[PDB]
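In what follows, a structure is listed as structure tokens, so that the remarks can point back to it.
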Amino acid sequence: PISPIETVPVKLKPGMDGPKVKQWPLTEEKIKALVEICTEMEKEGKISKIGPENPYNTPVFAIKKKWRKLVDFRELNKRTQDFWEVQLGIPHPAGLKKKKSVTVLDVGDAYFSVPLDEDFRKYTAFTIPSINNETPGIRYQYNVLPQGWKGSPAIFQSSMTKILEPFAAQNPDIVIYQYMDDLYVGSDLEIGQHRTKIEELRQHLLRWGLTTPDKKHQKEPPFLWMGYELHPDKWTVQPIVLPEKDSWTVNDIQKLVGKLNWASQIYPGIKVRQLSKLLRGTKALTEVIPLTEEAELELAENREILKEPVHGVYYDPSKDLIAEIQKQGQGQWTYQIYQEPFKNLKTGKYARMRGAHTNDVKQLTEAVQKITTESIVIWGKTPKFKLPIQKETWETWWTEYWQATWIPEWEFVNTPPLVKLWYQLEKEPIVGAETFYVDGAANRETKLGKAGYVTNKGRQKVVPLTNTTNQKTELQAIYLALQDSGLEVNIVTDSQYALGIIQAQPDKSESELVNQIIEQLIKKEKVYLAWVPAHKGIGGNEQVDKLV
Amino acid sequence: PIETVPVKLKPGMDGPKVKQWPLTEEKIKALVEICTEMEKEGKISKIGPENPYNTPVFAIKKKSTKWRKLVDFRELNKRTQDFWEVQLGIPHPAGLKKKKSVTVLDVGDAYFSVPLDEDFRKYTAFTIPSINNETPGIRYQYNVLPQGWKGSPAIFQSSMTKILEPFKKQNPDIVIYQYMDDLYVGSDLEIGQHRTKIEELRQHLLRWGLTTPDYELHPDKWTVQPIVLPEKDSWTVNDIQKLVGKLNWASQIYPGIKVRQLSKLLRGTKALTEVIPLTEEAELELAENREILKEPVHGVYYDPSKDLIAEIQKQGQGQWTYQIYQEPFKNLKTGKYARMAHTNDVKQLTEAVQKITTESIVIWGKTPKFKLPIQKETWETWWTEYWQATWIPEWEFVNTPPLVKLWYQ
Ligand SMILES: CCC(=O)n1c(=O)n(CCOc2cc(Cl)ccc2Oc2cc(Cl)cc(C#N)c2)c2ccccc21
Ligand SMILES: [Mg+2]
Ligand SMILES: [Mg+2]
């Protein structure tokens, strides 16, 4: 009930004042049921009648499905100061510490059990109607944390935090985690002393006004907590029911991608690239979307993965942390975090391309990032990494990459598929290889263009192109010089675009053109690519810029 | 240690509300050790949830098995600028760059005497985080001028300038600048006696109660480092190209440039690897533009109304090159940096950034905003590992590659 806990001071936002929303009259049956609760809440001290002096008011309504009381504090919430944000995030089960036994305690009337600042009680004034009748309403105020007030979750949690500080000192062999109105007590005691401690705590709480359930009413494993089944030696997501439907709306594909994502923390192999591409349009939620062929497949493969059930294990500090990454092919990667070789802590995916052109070395790097951030959040350390890449593949790439990166301590693993640099441009030009001077141009308005070349061997060509762009041709030009060339070739281009794209050495791209340039680049055994300023008559581009 | 200077935010600016980065259990532990002590010595106090404000908080290892706390008051600083720039602004001696030697002294333990405005403390709130969100962070606010806030030295400036008055009297050839928690002391002494004049000061300071740390920059070397056209024995078409290109790019910085004679000296569709030779009319533009690269640019003046912008570019071989500017192609300062199986790319970047930032303070008394060539999240993870400075520049992350590279080497 109301407690001897100290109150937190509360202010209204600066240069505001208290709400004054008048109340719609309700059924004379409802108005009955409101007073039955009011007085039994008054007896218990939670609220106190007041004289009309108080000018403030907040709407009250009533409902049931034992009637219940709801208040529309929305108007009050808008004018009350802001507080320290509550825990936005929830603890991931994979990082919960393994403990001998685990007790779950829910507190009851949590908010009503905590006192509210006195000088801020006036603003909570409500009134109960008198079935019209021009009969004066009942003016009441709260003396405790009201339900659905902006301040309640934070002040309650302060209060709970402080109320626990004594006990926690006198019993540091036990661990209490806090979440909203619950308490999760874990110990490495013997089942008889833990039950003792719990029942001890429950009494500490009750002396501060916080009610808690019996040994007879304590929730018992497994625990349905925040979309998870928490077993005493294993955790998993709750049951997942992907629907079969004939037509698919946007709202549906979102809820699907969600669920699939949810599943990814413990169910390996889950892919969502092709499914999420469908949503790219990010248009209306009720718009129907055709399923692509690849999407239908991905949902199929996903369905198989969830066909059986799989479980995650809890954390052991005295055991090392390990991370393994496996490629999947469509710019899709997956990882497992484990201390022991068959008992995974959790799993997930990295698939973001971060651009329209990537290479696997880069992507794998980005994947390790993702894992490091999460590792640090979850277990407060970073994991030893087991990666399908050769120490020589990586050093070569990063030494030659324009950005800077940090490769954490990592050991090779042979499990194919393996990560590789499929091609490498030459650093210096090639003596005795034909030099092509590619250029390509397109008229924006006509939406037509042409790529061609010219060589030191006097060879010239121009292919014609319909429905393209300057950029699209700048690459086709290169695509050509690769086609019409031996296994060693010098290409010379005036477009920094096309150069940029290729110097990055992508091995995979959204653009088919680039995927084909990638193909050709793989065959060639020496390619050198070189830039020169366009419209600068460098000698040779002049000639090729002329045939355009 | 009695009168609290009043502090006002610029009107219609609420305090900072910045998310706390998650930290390694190692680093948390240090912050708990450190704060438990700070709280006993009364420098900070626990706070309730009627405080919504927050400022991030890191743990670094100073120079040193001793963990130190670093607080990121970039936000608060922006929202108090009225107070630490105008009201009690510390003016910048535009000559410290002239001196042949400059030493940097951490004086920030000065501030922990001075109490902080009673009404302003709510805005210093920080959070020690927990792991896996087991429990909500530990919440403190400062009771005393906190290191890292720009108000802190601005307030102390009186007590500092008094304490400094004897020493400035004795040797008035020395310059002394205060940027936050650092004294920059420059002198034209030979090194041997500069380092003793720094001992003097140290012990002058120390006996008026200012402890100091128990790093010499010679700005007599700083200069816009000019573009270098590698002349070699041989030449090719390719190299004529690389050469032409460099020079064409430079035309944006030194319009006074030309290469037609260069651009005609290969007018034939020729193989790249043709050892072409030197011509008279062409060669006239190599040397003629080769010395223009020795001449400085025209009309490049530091606007103090504008932010400084630093760009760094990885150049390989543990090499990094940087340019500071405010309007494109108008480069105020430019430099290069290098490490000495001990170093990694990040460590290097982190060092470079630190170095460019000090240069910046010496010269202009303001830090630059960095265009860092790294991935946001990688930086946001490992930058505290080699961070030694008491302050923190603004930064952003260029995800667009350079291509120029050598062009700025
Ligand atoms: C040998 C293992 C054993 O008996 N159990 C075990 O290790 N876990 C995981 C650890 O869980 C907790 C650890 C601590 Cl310090 C505190 C509470 C814990 O439980 C929570 C945590 C949370 Cl955030 C929500 C809820 C709900 N609702 C429960 C177990 C979990 C359940 C049952 C037994 C074990
Ligand atoms: Mg719950
Ligand atoms: Mg790819």
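Residue numbering restarts at 1 for every chain of the structure tokens, chains are lettered A, B, ... in their displayed order, and ligands are numbered from 1 as they appear.
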Q.
Near chain B, meaning an atom within 8 Å, which residues of chain A appear when counting only C-alpha atoms? Write them as a ChimeraX atom specification.
A. /A:8-10,81-87,89-92,95-96,154-155,158,177-179,369,373,376-381,399-400,402-406,429-431,434-435,437,454-456,490,500,531-533,536-541,543
Could you list, as a PDB file with N, CA, C and O atoms, in the first residue's frame, all protein and nucleic acid residues with an atom at most 6 Å from ligand 3, counting only C-alpha atoms and all ligand atoms?
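Okay, pocket-v5.pdb is ready:
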ATOM      1  N   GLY A 331      25.106 -11.959 -50.714  1.00  0.00           N
ATOM      2  CA  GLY A 331      25.464 -10.941 -49.744  1.00  0.00           C
ATOM      3  C   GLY A 331      24.836 -11.258 -48.389  1.00  0.00           C
ATOM      4  O   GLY A 331      24.415 -10.346 -47.680  1.00  0.00           O
ATOM      5  N   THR A 358      29.838  -4.459 -53.580  1.00  0.00           N
ATOM      6  CA  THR A 358      30.547  -4.904 -52.399  1.00  0.00           C
ATOM      7  C   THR A 358      31.465  -6.043 -52.788  1.00  0.00           C
ATOM      8  O   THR A 358      31.347  -6.572 -53.888  1.00  0.00           O
ATOM      9  N   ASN A 359      32.361  -6.403 -51.871  1.00  0.00           N
ATOM     10  CA  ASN A 359      33.110  -7.640 -52.000  1.00  0.00           C
ATOM     11  C   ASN A 359      33.095  -8.329 -50.650  1.00  0.00           C
ATOM     12  O   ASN A 359      32.929  -7.697 -49.623  1.00  0.00           O
ATOM     13  N   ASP A 360      33.311  -9.637 -50.673  1.00  0.00           N
ATOM     14  CA  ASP A 360      32.995 -10.476 -49.534  1.00  0.00           C
ATOM     15  C   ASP A 360      33.941 -10.146 -48.381  1.00  0.00           C
ATOM     16  O   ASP A 360      33.552 -10.204 -47.221  1.00  0.00           O
ATOM     17  N   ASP A 507      32.997  -8.053 -56.015  1.00  0.00           N
ATOM     18  CA  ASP A 507      32.839  -9.398 -56.516  1.00  0.00           C
ATOM     19  C   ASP A 507      31.350  -9.718 -56.646  1.00  0.00           C
ATOM     20  O   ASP A 507      30.985 -10.871 -56.854  1.00  0.00           O
ATOM     21  N   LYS A 508      30.494  -8.697 -56.523  1.00  0.00           N
ATOM     22  CA  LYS A 508      29.054  -8.908 -56.475  1.00  0.00           C
ATOM     23  C   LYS A 508      28.337  -7.557 -56.434  1.00  0.00           C
ATOM     24  O   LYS A 508      28.690  -6.669 -55.660  1.00  0.00           O
TER      25      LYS A 508
END
Q) Got a sec to tell me which of stretch 15-81 of chain B DSSP assigns to strand (DSSP E or B), as a PyMOL selection string? A) chain B and resi 17+44-46+54-55+57-60+68-71
Serialized selection, N, CA and C atoms, as a CSV table (one decimal), in the first residue's frame:
chain,number,residue,atom,x,y,z
B,17,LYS,N,20.9,15.3,-23.7
B,17,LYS,CA,20.2,14.0,-23.6
B,17,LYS,C,20.8,13.1,-24.6
B,44,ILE,N,31.0,14.5,-6.9
B,44,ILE,CA,29.8,14.2,-7.6
B,44,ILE,C,28.8,13.5,-6.6
B,45,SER,N,27.6,13.4,-7.0
B,45,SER,CA,26.5,12.9,-6.1
B,45,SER,C,25.5,12.1,-7.0
B,46,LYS,N,24.9,11.1,-6.3
B,46,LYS,CA,23.8,10.3,-7.0
B,46,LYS,C,22.6,11.2,-7.2
B,54,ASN,N,21.6,13.6,-19.8
B,54,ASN,CA,22.8,12.7,-19.7
B,54,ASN,C,23.8,13.1,-20.7
B,55,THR,N,25.1,12.8,-20.3
B,55,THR,CA,26.3,13.1,-21.1
B,55,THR,C,27.1,11.8,-21.1
B,57,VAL,N,30.2,8.9,-21.3
B,57,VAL,CA,31.3,8.7,-20.3
B,57,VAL,C,32.1,7.5,-20.7
B,58,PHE,N,33.4,7.7,-20.8
B,58,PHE,CA,34.3,6.7,-21.3
B,58,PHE,C,35.4,6.4,-20.3
B,59,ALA,N,36.2,5.4,-20.5
B,59,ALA,CA,37.3,5.1,-19.7
B,59,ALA,C,38.5,4.9,-20.6
B,60,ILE,N,39.6,5.7,-20.4
B,60,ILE,CA,40.9,5.6,-21.1
B,60,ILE,C,42.0,5.4,-20.1
B,68,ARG,N,41.5,6.3,-16.3
B,68,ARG,CA,41.0,7.6,-16.0
B,68,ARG,C,39.7,7.8,-16.7
B,69,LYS,N,38.8,8.6,-16.2
B,69,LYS,CA,37.5,8.8,-16.8
B,69,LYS,C,37.6,10.0,-17.7
B,70,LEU,N,36.9,9.9,-18.9
B,70,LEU,CA,36.9,10.9,-19.8
B,70,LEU,C,35.4,11.2,-20.1
B,71,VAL,N,34.9,12.4,-20.0
B,71,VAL,CA,33.5,12.7,-20.2
B,71,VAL,C,33.4,13.6,-21.4
Write down as a short mmCIF file (atom, residue, chain, number, x, y, z; two decimals) with N, CA and C atoms, in the first residue's frame the residues belonging to stretch 39-239 of chain A that are assigned helix (DSSP H, G or I) by DSSP computed on the backbone.
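Saved the output as states09.cif:
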data_model
loop_
_atom_site.label_atom_id
_atom_site.label_comp_id
_atom_site.auth_asym_id
_atom_site.auth_seq_id
_atom_site.Cartn_x
_atom_site.Cartn_y
_atom_site.Cartn_z
N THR A 39 -13.89 4.74 -3.06
CA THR A 39 -13.88 4.76 -1.61
C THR A 39 -12.98 3.64 -1.08
N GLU A 40 -12.98 2.47 -1.74
CA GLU A 40 -12.11 1.39 -1.31
C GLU A 40 -10.66 1.72 -1.64
N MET A 41 -10.44 2.64 -2.60
CA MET A 41 -9.12 3.19 -2.84
C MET A 41 -8.83 4.32 -1.85
N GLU A 42 -9.88 4.96 -1.33
CA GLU A 42 -9.71 6.04 -0.37
C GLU A 42 -9.37 5.44 0.99
N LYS A 43 -10.12 4.40 1.38
CA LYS A 43 -9.85 3.67 2.61
C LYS A 43 -8.37 3.35 2.61
N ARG A 74 -3.17 11.75 -20.46
CA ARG A 74 -2.53 12.25 -21.67
C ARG A 74 -2.34 13.76 -21.58
N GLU A 75 -3.39 14.46 -21.16
CA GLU A 75 -3.32 15.90 -21.11
C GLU A 75 -2.34 16.33 -20.03
N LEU A 76 -2.20 15.53 -18.95
CA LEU A 76 -1.28 15.86 -17.87
C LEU A 76 0.15 15.48 -18.24
N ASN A 77 0.30 14.29 -18.82
CA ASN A 77 1.58 13.86 -19.35
C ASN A 77 2.23 14.92 -20.24
N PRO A 93 18.58 -13.26 -23.29
CA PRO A 93 18.75 -14.48 -22.49
C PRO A 93 20.11 -15.16 -22.65
N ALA A 94 20.71 -15.00 -23.83
CA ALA A 94 21.99 -15.61 -24.11
C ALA A 94 23.09 -15.13 -23.17
N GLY A 95 22.89 -13.97 -22.53
CA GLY A 95 23.91 -13.37 -21.69
C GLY A 95 23.56 -13.38 -20.21
N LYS A 122 -2.11 17.88 -6.61
CA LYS A 122 -3.24 18.68 -7.05
C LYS A 122 -3.51 18.46 -8.54
N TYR A 123 -2.46 18.45 -9.35
CA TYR A 123 -2.60 18.34 -10.79
C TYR A 123 -3.23 17.01 -11.19
N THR A 124 -3.31 16.04 -10.27
CA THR A 124 -3.90 14.76 -10.61
C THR A 124 -5.39 14.73 -10.30
N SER A 152 5.34 7.69 -13.61
CA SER A 152 5.20 6.51 -12.76
C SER A 152 6.26 5.45 -13.02
N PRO A 153 6.51 4.99 -14.25
CA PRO A 153 7.46 3.89 -14.42
C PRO A 153 8.84 4.26 -13.87
N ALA A 154 9.25 5.52 -13.99
CA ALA A 154 10.61 5.87 -13.62
C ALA A 154 10.74 5.99 -12.10
N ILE A 155 9.81 6.72 -11.48
CA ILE A 155 9.84 6.90 -10.05
C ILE A 155 9.63 5.55 -9.36
N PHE A 156 8.75 4.72 -9.90
CA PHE A 156 8.58 3.42 -9.28
C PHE A 156 9.90 2.66 -9.23
N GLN A 157 10.63 2.68 -10.34
CA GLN A 157 11.86 1.92 -10.48
C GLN A 157 12.93 2.52 -9.57
N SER A 158 12.94 3.84 -9.40
CA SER A 158 13.83 4.43 -8.41
C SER A 158 13.53 3.81 -7.07
N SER A 159 12.26 3.89 -6.73
CA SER A 159 11.82 3.47 -5.43
C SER A 159 12.19 2.00 -5.21
N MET A 160 11.93 1.16 -6.20
CA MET A 160 12.26 -0.25 -6.04
C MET A 160 13.77 -0.38 -5.85
N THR A 161 14.57 0.18 -6.76
CA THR A 161 16.02 0.24 -6.61
C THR A 161 16.48 0.56 -5.18
N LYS A 162 15.91 1.58 -4.53
CA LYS A 162 16.40 2.03 -3.23
C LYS A 162 16.00 1.07 -2.12
N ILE A 163 14.74 0.64 -2.16
CA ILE A 163 14.19 -0.37 -1.27
C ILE A 163 15.03 -1.66 -1.30
N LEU A 164 15.71 -1.97 -2.39
CA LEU A 164 16.47 -3.20 -2.46
C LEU A 164 17.88 -3.01 -1.92
N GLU A 165 18.45 -1.79 -2.00
CA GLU A 165 19.85 -1.53 -1.66
C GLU A 165 20.24 -2.13 -0.29
N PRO A 166 19.45 -1.98 0.80
CA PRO A 166 19.80 -2.64 2.07
C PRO A 166 19.92 -4.15 1.90
N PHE A 167 18.84 -4.80 1.50
CA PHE A 167 18.88 -6.28 1.39
C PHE A 167 20.09 -6.69 0.57
N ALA A 168 20.24 -6.12 -0.62
CA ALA A 168 21.32 -6.57 -1.49
C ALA A 168 22.66 -6.57 -0.76
N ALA A 169 22.87 -5.65 0.20
CA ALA A 169 24.14 -5.57 0.91
C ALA A 169 24.29 -6.74 1.89
N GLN A 170 23.20 -7.07 2.59
CA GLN A 170 23.21 -8.09 3.62
C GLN A 170 23.17 -9.50 3.01
N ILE A 191 18.70 -25.37 -2.75
CA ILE A 191 17.30 -25.07 -3.04
C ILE A 191 16.54 -24.66 -1.78
N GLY A 192 17.04 -25.08 -0.61
CA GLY A 192 16.38 -24.87 0.67
C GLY A 192 16.70 -23.50 1.28
N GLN A 193 17.91 -23.01 1.02
CA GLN A 193 18.30 -21.67 1.53
C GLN A 193 17.78 -20.61 0.57
N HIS A 194 17.85 -20.87 -0.74
CA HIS A 194 17.30 -19.91 -1.73
C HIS A 194 15.83 -19.66 -1.39
N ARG A 195 15.03 -20.72 -1.28
CA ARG A 195 13.61 -20.57 -0.90
C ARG A 195 13.55 -19.74 0.39
N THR A 196 14.50 -19.97 1.29
CA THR A 196 14.55 -19.21 2.54
C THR A 196 14.82 -17.73 2.25
N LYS A 197 15.84 -17.47 1.43
CA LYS A 197 16.21 -16.11 1.09
C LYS A 197 15.03 -15.40 0.43
N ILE A 198 14.54 -15.96 -0.67
CA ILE A 198 13.35 -15.44 -1.32
C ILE A 198 12.29 -15.02 -0.29
N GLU A 199 11.89 -15.95 0.59
CA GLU A 199 10.77 -15.70 1.49
C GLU A 199 11.19 -14.61 2.47
N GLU A 200 12.50 -14.53 2.75
CA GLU A 200 13.07 -13.46 3.55
C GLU A 200 12.86 -12.14 2.82
N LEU A 201 13.40 -12.05 1.60
CA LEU A 201 13.23 -10.86 0.78
C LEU A 201 11.76 -10.47 0.77
N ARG A 202 10.87 -11.39 0.39
CA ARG A 202 9.46 -11.06 0.26
C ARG A 202 8.98 -10.26 1.48
N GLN A 203 9.54 -10.59 2.65
CA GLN A 203 9.14 -9.95 3.89
C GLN A 203 9.77 -8.56 3.95
N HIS A 204 11.03 -8.45 3.54
CA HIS A 204 11.63 -7.10 3.47
C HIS A 204 10.72 -6.22 2.62
N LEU A 205 10.37 -6.70 1.43
CA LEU A 205 9.53 -5.95 0.51
C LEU A 205 8.23 -5.55 1.21
N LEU A 206 7.56 -6.52 1.85
CA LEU A 206 6.25 -6.27 2.43
C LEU A 206 6.33 -5.19 3.52
N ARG A 207 7.49 -5.03 4.17
CA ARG A 207 7.61 -4.03 5.23
C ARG A 207 7.72 -2.65 4.61
#
Q: In Å, rounded to a single decimal, give me how far atom CA of residue B:342 is from atom CA of residue A:387.
A: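 Value for the atom CA of residue A:387-atom CA of residue B:342 distance: 23.2 Å.
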Q: May I ask you to write as a VMD selection string all residues lying at most 10 Å from ligand 2, with only C-alpha atoms and all ligand atoms counted?
A: chain A and resid 106 179 to 183 224 to 227
Q: Output the neighbourhood of ligand 1 as an MDAnalysis selection string, that is, all protein and nucleic acid residues with some atom at most 8 Å from the ligand, counting only C-alpha atoms and all ligand atoms.
A: (chainID A and resid 90:93 96:104 174:179 184:187 221:225 230:235 314:315) or (chainID B and resid 134)
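Between atom CA of residue B:62 and atom CA of residue B:35 lies a distance of 16.5 Å.
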Q.
What's around residue A:352 at 10 Å? Count only C-alpha atoms, leave out sequence neighbours fewer than 3 positions away in its own chain, and write the answer as a PyMOL selection string.
A. chain A and resi 273+331-333+349+355+363+366-367
Next, the residues of the selection above should be written as a PDB file, in the first residue's frame with N, CA, C and O atoms.
ATOM      1  N   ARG A 273      16.746 -11.575 -47.266  1.00  0.00           N
ATOM      2  CA  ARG A 273      17.150 -10.559 -48.238  1.00  0.00           C
ATOM      3  C   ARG A 273      16.016 -10.379 -49.237  1.00  0.00           C
ATOM      4  O   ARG A 273      15.452  -9.286 -49.337  1.00  0.00           O
ATOM      5  N   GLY A 331      25.106 -11.959 -50.714  1.00  0.00           N
ATOM      6  CA  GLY A 331      25.464 -10.941 -49.744  1.00  0.00           C
ATOM      7  C   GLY A 331      24.836 -11.258 -48.389  1.00  0.00           C
ATOM      8  O   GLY A 331      24.415 -10.346 -47.680  1.00  0.00           O
ATOM      9  N   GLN A 332      24.769 -12.565 -48.071  1.00  0.00           N
ATOM     10  CA  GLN A 332      24.112 -13.061 -46.872  1.00  0.00           C
ATOM     11  C   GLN A 332      25.128 -13.852 -46.055  1.00  0.00           C
ATOM     12  O   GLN A 332      25.787 -14.738 -46.587  1.00  0.00           O
ATOM     13  N   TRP A 333      25.256 -13.499 -44.768  1.00  0.00           N
ATOM     14  CA  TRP A 333      26.190 -14.132 -43.849  1.00  0.00           C
ATOM     15  C   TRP A 333      25.424 -14.525 -42.598  1.00  0.00           C
ATOM     16  O   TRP A 333      24.353 -13.982 -42.333  1.00  0.00           O
ATOM     17  N   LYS A 349      22.352 -13.069 -38.334  1.00  0.00           N
ATOM     18  CA  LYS A 349      22.720 -12.832 -39.722  1.00  0.00           C
ATOM     19  C   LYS A 349      23.277 -11.421 -39.909  1.00  0.00           C
ATOM     20  O   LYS A 349      22.939 -10.492 -39.181  1.00  0.00           O
ATOM     21  N   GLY A 355      25.518  -0.333 -49.870  1.00  0.00           N
ATOM     22  CA  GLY A 355      25.893   0.076 -51.221  1.00  0.00           C
ATOM     23  C   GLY A 355      25.408  -0.911 -52.290  1.00  0.00           C
ATOM     24  O   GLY A 355      24.872  -1.975 -51.967  1.00  0.00           O
ATOM     25  N   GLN A 363      32.469  -7.307 -46.697  1.00  0.00           N
ATOM     26  CA  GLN A 363      31.206  -7.658 -46.059  1.00  0.00           C
ATOM     27  C   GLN A 363      31.456  -8.479 -44.804  1.00  0.00           C
ATOM     28  O   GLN A 363      30.874  -8.217 -43.760  1.00  0.00           O
ATOM     29  N   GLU A 366      32.446  -6.143 -42.172  1.00  0.00           N
ATOM     30  CA  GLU A 366      31.283  -5.484 -41.599  1.00  0.00           C
ATOM     31  C   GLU A 366      30.554  -6.451 -40.663  1.00  0.00           C
ATOM     32  O   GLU A 366      30.005  -6.040 -39.650  1.00  0.00           O
ATOM     33  N   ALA A 367      30.542  -7.743 -40.994  1.00  0.00           N
ATOM     34  CA  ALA A 367      29.863  -8.726 -40.165  1.00  0.00           C
ATOM     35  C   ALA A 367      30.518  -8.825 -38.787  1.00  0.00           C
ATOM     36  O   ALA A 367      29.839  -8.943 -37.763  1.00  0.00           O
TER      37      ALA A 367
END
(Q) Report, in Å with one decimal, the straight-line distance from atom CA of residue A:27 to atom CA of residue A:130. (A) 10.1 Å
Q. With only C-alpha atoms as the atoms that count, which of A:79, A:209, A:464, A:60 lies nearest to residue A:140?
A. A:60
Q.
Please determine, counting only C-alpha atoms, which residue among B:92, B:294, B:8, B:98 has the shortest atom-to-atom distance to residue B:187.
A. B:98
Neighbours of stretch 407-412 of chain A within 8 Å (only C-alpha atoms; same-chain residues fewer than 4 positions away dropped), as an mmCIF file with N, CA, C and O atoms, in the first residue's frame?
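Result file follows (around28.cif):
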data_model
loop_
_atom_site.group_PDB
_atom_site.id
_atom_site.type_symbol
_atom_site.label_atom_id
_atom_site.label_comp_id
_atom_site.auth_asym_id
_atom_site.auth_seq_id
_atom_site.Cartn_x
_atom_site.Cartn_y
_atom_site.Cartn_z
ATOM 1 N N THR A 365 34.049 -8.303 -43.103
ATOM 2 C CA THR A 365 34.555 -7.363 -42.106
ATOM 3 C C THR A 365 33.390 -6.680 -41.389
ATOM 4 O O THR A 365 33.325 -6.677 -40.156
ATOM 5 N N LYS A 384 36.433 -14.303 -29.345
ATOM 6 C CA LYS A 384 37.471 -14.853 -30.191
ATOM 7 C C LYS A 384 36.750 -15.270 -31.468
ATOM 8 O O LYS A 384 35.665 -15.837 -31.353
ATOM 9 N N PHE A 385 37.278 -14.888 -32.647
ATOM 10 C CA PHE A 385 36.585 -15.092 -33.919
ATOM 11 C C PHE A 385 37.195 -16.237 -34.737
ATOM 12 O O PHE A 385 38.410 -16.299 -34.967
ATOM 13 N N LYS A 386 36.309 -17.122 -35.217
ATOM 14 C CA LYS A 386 36.671 -18.203 -36.120
ATOM 15 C C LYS A 386 36.072 -17.859 -37.475
ATOM 16 O O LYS A 386 34.845 -17.847 -37.600
ATOM 17 N N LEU A 387 36.943 -17.564 -38.457
ATOM 18 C CA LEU A 387 36.512 -16.977 -39.718
ATOM 19 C C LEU A 387 37.026 -17.755 -40.925
ATOM 20 O O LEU A 387 38.218 -18.032 -41.067
ATOM 21 N N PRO A 388 36.144 -17.948 -41.927
ATOM 22 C CA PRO A 388 36.513 -18.611 -43.169
ATOM 23 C C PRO A 388 37.309 -17.693 -44.095
ATOM 24 O O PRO A 388 36.871 -17.402 -45.223
ATOM 25 N N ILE A 389 38.485 -17.248 -43.626
ATOM 26 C CA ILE A 389 39.317 -16.412 -44.481
ATOM 27 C C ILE A 389 40.786 -16.618 -44.133
ATOM 28 O O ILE A 389 41.135 -16.765 -42.978
ATOM 29 N N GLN A 390 41.638 -16.597 -45.152
ATOM 30 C CA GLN A 390 43.060 -16.824 -44.982
ATOM 31 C C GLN A 390 43.737 -15.532 -44.536
ATOM 32 O O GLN A 390 43.542 -14.483 -45.141
ATOM 33 N N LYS A 391 44.623 -15.635 -43.545
ATOM 34 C CA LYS A 391 45.327 -14.474 -43.024
ATOM 35 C C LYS A 391 45.976 -13.679 -44.155
ATOM 36 O O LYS A 391 46.274 -12.507 -43.982
#
Q.
Need the shell around residue A:356: protein/DNA/RNA residues with any atom at most 10 Å away, counting only C-alpha atoms. Skip same-chain ones fewer than 5 positions apart. Format as a ChimeraX atom specification?
A. /A:501,506,508-511
Store the residues picked out above, limited to C-alpha atoms, as a compact mmCIF listing (two decimals), in the first residue's frame.
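Output file again_30.txt follows:
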# COMPACT_ATOMS: atom_id res chain seq x y z
CA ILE A 501 33.36 1.26 -59.40
CA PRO A 506 33.61 -5.72 -56.16
CA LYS A 508 29.05 -8.91 -56.47
CA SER A 509 26.68 -6.13 -57.50
CA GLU A 510 23.03 -5.18 -58.11
CA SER A 511 23.90 -4.19 -61.71
